[PDB]
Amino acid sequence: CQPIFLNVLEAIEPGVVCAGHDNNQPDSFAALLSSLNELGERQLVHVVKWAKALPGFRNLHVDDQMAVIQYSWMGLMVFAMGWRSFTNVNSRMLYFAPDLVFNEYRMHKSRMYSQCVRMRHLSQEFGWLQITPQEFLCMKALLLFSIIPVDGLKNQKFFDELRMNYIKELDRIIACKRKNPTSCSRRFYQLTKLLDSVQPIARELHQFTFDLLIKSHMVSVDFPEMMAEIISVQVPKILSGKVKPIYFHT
């Protein structure tokens, strides 16, 4: 029995994305954030292509396809970054990209140190919880369906169905090698707790990037086209409470 679903997730997983950062220059707030913004712009393209290739995604109304990506990109990218940090440098640093690795000094220089420490904590959890590559893939996919508008999507029912199916796939991945129903429940508890922990981080980053865009001209930080549009149009819907994450607990 070939695992079709996981086969697909592995196949569509985005390759390496570089930020284009000049590491030969002394670190500066403006340069680091401008590079993170460009990295975001570059990653957004890969996330869109990735999402459109996910099982069942095309079934969502096109407007909803765009909206869910516009609302979930921060969480998705932060989660993938934590995994890269864990696998590449054992969480010793934040591995945003091969050419953009943050040690504590850079975390401080970026003016979002607390957020960076929380992301480092997220990265360590992949190790502490012994998250498998297959669990990572399924969890990352679920993150794309974890934040919706209070007013509902154009075809909310299709979204609910898709989300349920991805949760079911996570159940299957958990059940693999687990004959004890209690061990499966305990694992599901751990993974949903981890998924929930991504949201508070994403929200703090949403707040930070929103404030930065508003004063970007004052601090010499450049925002690429898509990033500027999304942070000025969709992100505010999240910050104002019109779009909310779907938490498993609490």
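Start at 1 and count along the sequence shown; that's the residue number.
Undergrad: Going by the B-factors listed in the PDB entry, is the mean over the C-alpha atoms higher for 142-150 or for 72-80?
TA: For C-alpha atoms only, the mean B-factor is higher in 142-150.
Undergrad: Averaged over C-alpha atoms, is the B-factor higher for 34-42 or for 59-67 in this PDB entry?
TA: Per the PDB entry, the higher value belongs to 59-67.
Undergrad: Comparing recorded Cα B-factors across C176, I131, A97, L137, which one is largest?
TA: Most elevated C-alpha B-factor of the set, per the entry: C176.
Undergrad: Taking the chain's C-alpha temperature factors as the reference, tell me which third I231 falls into: lowest, middle or highest.
TA: Its C-alpha B-factor belongs to the lowest third of this chain's values.
Undergrad: What third of the chain, by the recorded C-alpha B-factor, contains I12?
TA: Its C-alpha B-factor belongs to the middle third of this chain's values.
Undergrad: Sorting the chain's CA B-factors, does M107 end up in the lowest, middle or highest third?
TA: Its C-alpha B-factor belongs to the middle third of this chain's values.
Undergrad: Can you tell me whether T209 has a C-alpha B-factor in the lowest, middle or highest third compared with the other modelled residues of the same chain?
TA: According to the entry, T209 has a C-alpha B-factor in the chain's lowest third.
Undergrad: Of the three thirds of its chain by CA temperature factor, lowest, middle or highest, which one includes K215?
TA: It belongs to the highest third of the chain when residues are ordered by C-alpha B-factor.
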